[PDB]
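Given next, in structure tokens, is a single chain: the form deposited in one PDB entry.
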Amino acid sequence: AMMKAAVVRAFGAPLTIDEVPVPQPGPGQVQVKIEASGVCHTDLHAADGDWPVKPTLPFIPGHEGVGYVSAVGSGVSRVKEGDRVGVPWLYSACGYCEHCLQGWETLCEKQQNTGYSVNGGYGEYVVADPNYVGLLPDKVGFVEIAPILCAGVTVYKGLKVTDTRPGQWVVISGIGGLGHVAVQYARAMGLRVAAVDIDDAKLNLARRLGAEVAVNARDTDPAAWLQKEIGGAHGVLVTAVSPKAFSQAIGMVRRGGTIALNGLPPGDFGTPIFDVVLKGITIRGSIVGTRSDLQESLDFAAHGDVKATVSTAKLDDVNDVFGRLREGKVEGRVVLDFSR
């Protein structure tokens, strides 16, 4: 009837670990006993209110929560008790609007978002819509599979809308939580990978995961450096948390190329309209992934083409994590482990 859970109550203030009531699945709902729970940079963005539309206080964050179905509301037909599932950013959608009908539920205006508009995986249990949960492969442990619930599907989908094809060069900008799995998805999709970040250790993580080439934007110029090394990229995926770089990216691509954007730092970035028009460049925002995207991203994980580099932490360690994530001191992803 009661559960441990990390709750946000003030934008900018440390999360408190409290013992709140356990959510109960009504008709058409399910309950999930959380086994592991990934920490996304989005969680930071939320807890501080970096965004135009802010979460409602108080709430439990976490949209990379994974575990077992521990209760099944009325008439649930897609999942049964004991099912291995995850609860991603896209908590639910309406299912019949133009977006939803075209398989673009990620754009649904009636969508609810896990760990934001509704409570998420930073708790021992969480109620979910069984129609939008990720169905997890048994062969991958909860801790390893957790980051795929967002970092994975996001960059998988991001790479898809770069409109690049096998044999072509793609640039991953920002080799962090999203970045480091993006390199892996790219290679599995037959692409050649170039990497850029501000820390040489993150570039080395990239090189190990498959990237053929890397650059430190802090050193010399990333764009210019890339035009010389590979003759510009066919595509670019931006997972960086800095507005600048959202600008340097437009210069790393060859004419007719496409830059896909995953990062969500507040503010604008400078777009050279003249060159964009003259070089026929495409800039494209990519928001997480649909249910099919998610299932496919999970499939890559299942086959071992993608393995997330994760650090373990305890629910109680929540705030220590946030700090180091802000400090850019995290290698890959941090995952809260509930295994008591």
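Just so we're on the same page, rigid core means the largest C-alpha set that superposes within 1.5 Å between forms. Residue numbers run from 1 along the displayed sequence.
Keep in mind that the form deposited in another entry is missing from the display, and what follows is about it.
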| property | result |
| --- | --- |
| Out of 159, 93, 240, 226, the residue that alone shifts its CA by 2 Å or more between the shown form and the other one when the rigid core is the reference | 226 |
| Residue 205 C-alpha shift between the shown form and the other one of 2 Å or more, rigid core reference | yes |
| Residue 214: Cα shift of 2 Å or greater between the shown form and the other one (core-aligned) | yes |
| Residue 145 C-alpha shift between the shown form and the other one of 2 Å or more, rigid core reference | no |
| Residue 241 and residue 235, C-alpha gap in the other entry relative to this structure (3 Å or more) | closer |
| In the other entry, whether the C-alpha atoms of residue 285 and residue 241 sit closer or farther than here (change of 3 Å or more) | closer |
